[PDB]
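Here's run-v5.txt, which has compact mmCIF, C-alpha atoms:
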```
# COMPACT_ATOMS: atom_id res chain seq x y z
CA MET A 1 65.85 31.78 153.95
CA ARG A 2 64.11 29.68 151.30
CA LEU A 3 65.33 26.27 152.46
CA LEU A 4 64.60 27.06 156.12
CA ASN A 5 60.93 27.68 155.20
CA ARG A 6 60.20 24.74 152.90
CA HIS A 7 57.55 23.24 155.23
CA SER A 8 54.52 24.79 156.93
CA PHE A 9 53.13 23.23 160.10
CA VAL A 10 50.87 24.05 163.06
CA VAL A 11 52.14 24.52 166.62
CA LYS A 12 50.03 24.26 169.78
CA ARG A 13 51.52 26.45 172.52
CA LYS A 14 49.96 26.48 175.98
CA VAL A 15 50.11 30.26 176.29
CA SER A 16 49.10 30.28 179.95
CA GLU A 17 51.70 28.92 182.38
CA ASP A 18 49.34 28.46 185.34
CA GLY A 19 49.53 24.68 185.71
CA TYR A 20 49.25 23.57 189.32
CA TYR A 21 48.65 20.61 191.62
CA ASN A 22 45.11 19.98 192.86
CA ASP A 23 44.10 19.74 196.51
CA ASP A 24 44.11 15.98 195.87
CA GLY A 25 47.64 15.94 194.39
CA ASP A 26 46.75 15.34 190.74
CA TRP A 27 48.38 17.36 187.98
CA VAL A 28 46.32 19.94 186.08
CA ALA A 29 47.81 21.18 182.82
CA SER A 30 47.74 24.84 181.86
CA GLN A 31 44.30 25.72 180.54
CA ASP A 32 44.65 28.25 177.70
CA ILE A 33 45.82 26.40 174.60
CA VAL A 34 46.46 28.47 171.46
CA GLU A 35 47.17 27.39 167.88
CA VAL A 36 49.77 29.11 165.70
CA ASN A 37 51.18 28.81 162.19
CA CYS A 38 54.94 28.37 161.73
CA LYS A 39 57.43 27.53 158.99
CA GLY A 40 60.56 25.44 159.12
CA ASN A 41 62.19 22.30 157.77
CA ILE A 42 61.72 18.69 158.92
CA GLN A 43 64.13 15.83 158.23
CA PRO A 44 64.73 12.37 159.70
CA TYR A 45 67.20 12.21 162.58
CA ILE A 46 70.00 9.72 161.86
CA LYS A 47 72.13 9.06 164.94
CA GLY A 48 72.95 6.01 167.05
CA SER A 49 69.96 3.88 168.02
CA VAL A 50 67.42 6.53 166.99
CA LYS A 51 64.27 4.94 165.52
CA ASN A 52 62.58 6.59 162.54
CA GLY A 53 59.27 4.99 161.61
CA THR A 54 60.49 1.75 163.17
CA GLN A 55 57.94 -1.00 163.71
CA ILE A 56 58.26 -2.53 167.19
CA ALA A 57 57.00 -6.04 167.95
CA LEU A 58 55.63 -6.63 171.45
CA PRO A 59 53.54 -9.30 173.18
CA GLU A 60 50.73 -6.73 173.30
CA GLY A 61 50.79 -6.10 169.54
CA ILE A 62 52.63 -3.61 167.32
CA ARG A 63 53.81 -0.04 167.89
CA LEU A 64 55.30 2.66 165.68
CA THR A 65 57.95 5.08 166.94
CA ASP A 66 59.24 8.08 164.99
CA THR A 67 61.44 11.09 165.66
CA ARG A 68 62.68 14.00 163.55
CA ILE A 69 64.88 17.09 163.60
CA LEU A 70 63.44 20.54 162.90
CA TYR A 71 65.26 23.65 161.70
CA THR A 72 63.38 26.92 162.16
CA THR A 73 63.75 30.55 163.21
CA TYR A 74 60.78 30.34 165.59
CA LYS A 75 61.61 30.00 169.29
CA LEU A 76 59.83 26.91 170.53
CA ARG A 77 60.34 25.89 174.16
CA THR A 78 60.50 22.55 175.96
CA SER A 79 59.43 21.79 179.54
CA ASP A 80 61.26 23.70 182.28
CA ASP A 81 60.74 23.15 186.00
CA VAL A 82 62.53 26.34 187.09
CA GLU A 83 60.60 28.61 184.70
CA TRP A 84 57.47 26.48 185.27
CA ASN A 85 56.24 26.09 181.69
CA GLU A 86 55.33 23.11 179.52
CA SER A 87 56.61 22.05 176.12
CA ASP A 88 55.11 22.84 172.72
CA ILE A 89 53.46 20.48 170.23
CA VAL A 90 54.09 20.22 166.48
CA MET A 91 51.52 18.68 164.13
CA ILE A 92 53.14 16.47 161.48
CA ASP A 93 50.99 14.25 159.24
CA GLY A 94 48.07 14.89 161.60
CA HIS A 95 49.85 13.43 164.66
CA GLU A 96 51.39 15.18 167.65
CA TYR A 97 55.15 15.61 168.06
CA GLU A 98 56.39 16.79 171.46
CA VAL A 99 59.52 18.95 171.58
CA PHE A 100 62.10 17.14 173.72
CA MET A 101 65.44 18.80 172.90
CA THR A 102 66.65 22.24 171.86
CA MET A 103 69.91 23.72 170.59
CA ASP A 104 70.41 27.49 170.73
CA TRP A 105 72.33 28.77 167.71
CA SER A 106 70.65 32.19 167.79
CA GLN A 107 72.60 35.44 168.04
CA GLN A 108 75.58 33.69 166.45
CA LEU A 109 75.60 35.21 162.96
CA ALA A 110 73.45 37.62 160.98
CA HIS A 111 71.85 35.55 158.22
CA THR A 112 72.27 32.03 159.66
CA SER A 113 70.94 32.26 163.23
CA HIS A 114 68.34 29.55 163.86
CA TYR A 115 67.24 26.79 166.25
CA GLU A 116 67.32 22.99 166.19
CA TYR A 117 64.80 20.72 167.92
CA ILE A 118 64.32 16.96 168.29
CA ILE A 119 60.62 16.09 168.23
CA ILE A 120 59.30 12.65 169.22
CA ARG A 121 55.94 11.24 168.13
CA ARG A 122 53.58 11.07 171.10
CA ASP A 123 52.52 7.58 172.15
CA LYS A 124 48.90 6.44 172.01
CA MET A 125 47.01 6.40 175.31
CA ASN A 126 43.51 7.04 176.63
CA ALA A 127 42.49 10.39 178.07
CA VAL A 128 41.61 11.32 181.65
CA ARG A 129 40.88 14.69 183.27
CA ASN A 130 41.43 15.88 186.84
CA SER A 131 40.44 19.56 186.50
CA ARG A 132 39.35 21.17 189.77
CA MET B 1 74.03 -54.09 177.66
CA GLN B 2 76.28 -51.03 177.73
CA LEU B 3 75.04 -47.49 178.33
CA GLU B 4 75.65 -45.12 175.41
CA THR B 5 73.70 -41.89 175.01
CA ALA B 6 74.30 -42.01 171.26
CA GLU B 7 72.03 -45.07 171.19
CA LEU B 8 69.46 -43.75 173.67
CA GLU B 9 68.93 -40.67 171.52
CA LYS B 10 68.51 -42.80 168.39
CA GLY B 11 66.01 -45.06 170.12
CA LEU B 12 63.98 -42.12 171.39
CA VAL B 13 64.02 -40.57 167.92
CA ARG B 14 62.79 -43.81 166.33
CA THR B 15 60.06 -44.21 168.96
CA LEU B 16 58.76 -40.64 168.66
CA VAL B 17 58.24 -41.01 164.90
CA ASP B 18 55.51 -43.55 165.64
CA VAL B 19 54.26 -42.10 168.93
CA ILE B 20 53.72 -38.45 167.92
CA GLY B 21 54.57 -38.46 164.22
CA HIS B 22 51.03 -37.61 163.11
CA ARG B 23 51.17 -34.03 164.46
CA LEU B 24 54.50 -33.04 162.89
CA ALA B 25 55.58 -31.81 159.48
CA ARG B 26 57.11 -34.19 156.95
CA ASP B 27 60.20 -33.90 154.75
CA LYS B 28 60.76 -34.81 151.10
CA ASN B 29 60.96 -38.52 152.02
CA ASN B 30 57.61 -38.36 153.87
CA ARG B 31 59.35 -38.94 157.21
CA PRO B 32 58.20 -36.86 160.21
CA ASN B 33 60.70 -34.19 161.27
CA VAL B 34 62.44 -35.50 164.38
CA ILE B 35 66.18 -34.90 164.73
CA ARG B 36 69.05 -34.89 167.19
CA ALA B 37 70.33 -31.56 168.49
CA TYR B 38 73.36 -29.87 166.95
CA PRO B 39 73.16 -31.83 163.67
CA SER B 40 76.46 -32.25 161.85
CA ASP B 41 78.31 -34.69 159.62
CA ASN B 42 81.86 -35.30 158.39
CA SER B 43 83.21 -33.20 161.27
CA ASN B 44 82.28 -29.85 159.73
CA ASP B 45 79.00 -30.13 157.80
CA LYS B 46 76.00 -28.54 159.52
CA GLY B 47 72.36 -29.50 159.11
CA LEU B 48 69.61 -27.09 158.13
CA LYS B 49 66.59 -26.18 160.21
CA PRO B 50 63.68 -28.44 159.14
CA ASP B 51 60.18 -27.26 158.35
CA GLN B 52 58.00 -26.63 161.39
CA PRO B 53 56.61 -28.17 163.47
CA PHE B 54 59.50 -30.50 164.44
CA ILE B 55 61.15 -32.05 167.49
CA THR B 56 64.70 -31.98 168.85
CA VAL B 57 66.27 -34.56 171.18
CA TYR B 58 69.29 -33.66 173.31
CA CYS B 59 70.84 -35.68 176.14
CA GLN B 60 71.95 -33.44 179.00
CA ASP B 61 74.21 -35.58 181.20
CA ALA B 62 74.45 -38.82 183.19
CA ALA B 63 74.84 -39.38 186.93
CA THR B 64 75.03 -42.25 189.43
CA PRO B 65 72.95 -41.21 192.47
CA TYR B 66 72.45 -44.90 193.36
CA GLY B 67 75.76 -45.74 194.99
CA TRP B 68 78.80 -46.47 192.85
CA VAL B 69 78.59 -50.19 192.02
CA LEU B 70 75.40 -52.25 192.01
CA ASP B 71 76.64 -55.80 191.35
CA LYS B 72 79.91 -57.68 190.93
CA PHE B 73 79.65 -61.20 189.55
CA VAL B 74 81.30 -63.80 187.31
CA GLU B 75 79.63 -64.56 183.98
CA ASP B 76 82.00 -66.90 182.19
CA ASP B 77 85.58 -66.76 183.47
CA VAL B 78 85.60 -63.00 182.76
CA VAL B 79 84.65 -60.81 185.72
CA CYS B 80 81.75 -58.38 185.32
CA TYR B 81 80.42 -55.18 186.89
CA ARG B 82 76.95 -53.61 186.87
CA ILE B 83 76.31 -49.91 187.46
CA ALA B 84 73.06 -47.93 187.73
CA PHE B 85 72.75 -44.69 185.75
CA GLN B 86 70.28 -41.83 185.36
CA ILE B 87 69.96 -39.82 182.15
CA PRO B 88 67.85 -36.63 181.84
CA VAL B 89 66.81 -35.89 178.25
CA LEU B 90 65.39 -32.70 176.74
CA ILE B 91 62.71 -32.73 174.04
CA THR B 92 61.54 -29.49 172.42
CA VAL B 93 58.81 -28.69 169.89
CA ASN B 94 59.26 -25.70 167.58
CA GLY B 95 56.47 -24.11 165.57
CA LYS B 96 52.87 -23.06 166.18
CA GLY B 97 50.86 -25.00 168.72
CA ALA B 98 54.01 -26.40 170.33
CA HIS B 99 52.28 -26.51 173.72
CA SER B 100 49.28 -28.32 172.23
CA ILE B 101 51.63 -31.02 170.89
CA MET B 102 53.77 -31.32 174.01
CA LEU B 103 50.64 -31.84 176.10
CA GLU B 104 49.59 -34.83 174.00
CA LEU B 105 53.14 -36.18 174.03
CA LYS B 106 53.06 -36.00 177.83
CA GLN B 107 49.70 -37.76 177.97
CA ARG B 108 51.08 -40.66 175.87
CA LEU B 109 54.37 -41.31 177.67
CA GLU B 110 52.34 -42.16 180.78
CA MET B 111 50.35 -44.96 179.12
CA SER B 112 51.05 -48.61 179.83
CA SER B 113 51.85 -48.88 176.15
CA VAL B 114 54.55 -46.63 174.67
CA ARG B 115 56.55 -47.23 177.84
CA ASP B 116 56.97 -50.80 176.58
CA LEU B 117 58.11 -49.64 173.14
CA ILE B 118 60.66 -47.31 174.71
CA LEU B 119 62.10 -50.22 176.69
CA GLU B 120 62.02 -52.41 173.57
CA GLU B 121 64.13 -49.92 171.61
CA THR B 122 66.41 -48.21 174.15
CA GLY B 123 66.17 -50.74 176.97
CA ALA B 124 65.48 -48.03 179.54
CA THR B 125 62.61 -47.11 181.85
CA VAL B 126 60.92 -43.73 182.19
CA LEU B 127 61.34 -42.43 185.75
CA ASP B 128 59.95 -38.88 185.74
CA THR B 129 58.54 -36.15 183.50
CA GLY B 130 58.79 -32.46 184.35
CA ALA B 131 56.52 -29.52 183.65
CA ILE B 132 56.12 -27.80 180.28
CA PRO B 133 56.69 -24.03 179.97
CA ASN B 134 55.31 -21.92 177.12
CA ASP B 135 58.25 -19.96 175.72
CA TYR B 136 58.47 -17.23 173.08
CA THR B 137 61.75 -16.16 171.47
CA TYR B 138 61.91 -13.19 169.12
CA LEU B 139 64.38 -14.47 166.49
CA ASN B 140 63.92 -11.86 163.72
CA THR B 141 60.62 -10.46 162.45
CA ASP B 142 58.28 -12.84 164.31
CA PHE B 143 58.33 -14.73 167.59
CA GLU B 144 58.64 -18.52 167.64
CA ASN B 145 56.57 -20.61 170.04
CA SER B 146 58.47 -23.41 171.77
CA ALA B 147 57.74 -25.96 174.48
CA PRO B 148 60.60 -27.88 176.16
CA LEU B 149 60.17 -30.93 178.36
CA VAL B 150 62.50 -33.11 180.44
CA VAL B 151 62.17 -36.90 180.54
CA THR B 152 64.50 -38.79 182.88
CA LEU B 153 65.50 -42.38 182.12
CA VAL B 154 67.14 -45.18 184.10
CA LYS B 155 69.39 -47.90 182.72
CA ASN B 156 71.86 -50.53 183.93
CA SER B 157 75.22 -50.96 182.18
CA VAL B 158 77.56 -53.95 182.30
CA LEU B 159 81.28 -54.06 181.53
CA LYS B 160 83.88 -56.82 181.32
CA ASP B 161 87.10 -56.74 183.36
CA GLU B 162 89.59 -58.53 181.13
CA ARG B 163 92.30 -58.19 183.78
CA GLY B 164 90.45 -60.27 186.37
CA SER B 165 90.95 -63.86 187.42
CA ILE B 166 89.30 -66.45 189.65
CA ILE B 167 90.61 -68.63 192.47
CA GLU B 168 90.28 -72.36 191.83
CA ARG B 169 92.79 -73.79 194.33
CA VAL B 170 93.47 -73.03 198.00
CA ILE B 171 96.41 -74.12 200.16
CA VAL B 172 96.04 -73.82 203.93
CA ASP B 173 98.42 -74.37 206.85
CA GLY B 174 97.74 -74.36 210.57
CA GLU B 175 99.15 -75.10 214.00
CA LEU B 176 97.98 -75.87 217.52
CA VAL B 177 99.62 -74.78 220.76
CA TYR B 178 98.90 -75.09 224.47
CA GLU B 179 100.37 -71.63 225.11
CA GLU B 180 100.83 -68.60 222.89
CA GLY B 181 104.15 -68.58 221.08
CA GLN B 182 104.98 -72.24 221.69
CA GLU B 183 107.86 -72.41 219.22
CA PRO B 184 107.52 -76.13 218.39
CA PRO B 185 103.81 -76.53 217.62
CA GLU B 186 101.89 -79.42 219.12
CA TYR B 187 100.31 -80.30 215.77
CA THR B 188 100.31 -79.06 212.19
CA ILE B 189 97.45 -79.43 209.71
CA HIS B 190 98.12 -79.05 205.99
CA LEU B 191 95.22 -78.99 203.53
CA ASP B 192 94.77 -78.54 199.79
CA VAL B 193 91.46 -78.12 197.97
CA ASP B 194 90.94 -78.12 194.21
CA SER B 195 87.85 -76.95 192.34
CA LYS B 196 87.55 -80.25 190.46
```

Could you rewrite the structure in this file as structure tokens?
Amino acid sequence: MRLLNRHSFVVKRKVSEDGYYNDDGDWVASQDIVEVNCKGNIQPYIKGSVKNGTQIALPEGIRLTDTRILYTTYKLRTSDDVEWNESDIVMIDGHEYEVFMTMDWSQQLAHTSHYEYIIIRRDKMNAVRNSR
Amino acid sequence: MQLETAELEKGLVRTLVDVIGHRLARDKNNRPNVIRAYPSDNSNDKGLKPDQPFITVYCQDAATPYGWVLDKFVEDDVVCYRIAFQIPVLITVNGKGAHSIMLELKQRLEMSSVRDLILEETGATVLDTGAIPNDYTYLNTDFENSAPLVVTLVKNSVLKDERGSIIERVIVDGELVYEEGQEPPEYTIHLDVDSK
């Protein structure tokens, strides 16, 4: 419906699910990454000690943590060790948001079936590769 | 001299104004900001936090590791007692550069001077001086740099026993006997000695 499609964002799904552990023990993420276009709705998540755009003071400097809730009809998936697949990524404001939680309301009713996700801004860190 | 921490704290506060007053902030009266801990007046009024940097003086406790009584003597007809005490004190600097100020305060308490002024005011001697940590406490918004220090003091206190009295006359009696328990004594000696 109209309100469920107010926002348009990009989603990076690792289509391949062939991640494995090297002969040295390091983790190697699935190789084939694919970009997609999706539509949904993004709002701040107000609950308990959740931190939306909260500035954090540390001895090392300053951080910024954010988290949101997303309503959409697209089936995004989080990490699953039994099915052996990794989570998706959602691009908001040019930054990455990793899908951490999911709530399956699909197949409940005709016109109001949807999904809910809690997406957390990814922390800043340097990059390293282990590919075999 | 009697031992009262209320006076030791005041003496230390008065001494620090001259010793380390040049590094501290100053109030509306131009006096450096040195205060006693837990300020209050009239049994419910509470003082406000001064402008940084400032110093706080707080007496922890008092103990008698040196025996229980040092001297017992007579000064005038009233009896007297002397007791040795030890008093650890805590001095903290709040603001920016608290460590840089505590270091200089340490380096001045060890001089031949300053230790004479402390004894002139409080009548106590500096015995020891502990290490200085470099603390940070979040408060709200921004951290506050602090630097506590412990300075132990030693003082002797004297009190007057108003219930005491002195002996100024002695009466003595004695006997002599050839054998133990001789019921009629061979001789008896009676003596009396006055102070005058």

*Name all residues at most 10 Å from residue 4 (chain A) (count only C-alpha atoms; drop same-chain ones fewer than 6 positions away) and give them as an MDAnalysis selection string.*
chainID A and resid 39:42 70:73 112 114

*asked:* Taking all atoms listed in the file into account, find every residue of chain A that has an atom no more than 12 Å from chain B, and write it out as a list in words.
replied: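 My answer is residues 55, 56, 57, 58, 59, 61 and 62 of chain A.
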
*For residue 89 (chain B), which of B:49, B:169, B:36, B:31 is the closest residue, counting only C-alpha atoms?*
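Result for the nearest residue to residue 89 (chain B): B:36.
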
_Spatial neighbours of residue 76 (chain B), max dist 12 Å, all atoms listed in the file, sep filter under 6 positions, as an MDAnalysis selection string_ = chainID B and resid 160:162 164:166

*Name the closest residue to residue 176 (chain B) among the candidates B:189, B:153, B:6, B:70; distances are taken between atoms, counting all atoms listed in the file.*
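Answer, going by the shortest atom-to-atom distance: B:189.
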
*Go ahead and compute the interatomic distance for CA of residue 21 (chain B) and CA of residue 33 (chain B), in Å to one decimal.*
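Between these atoms lies a distance of 8.0 Å.
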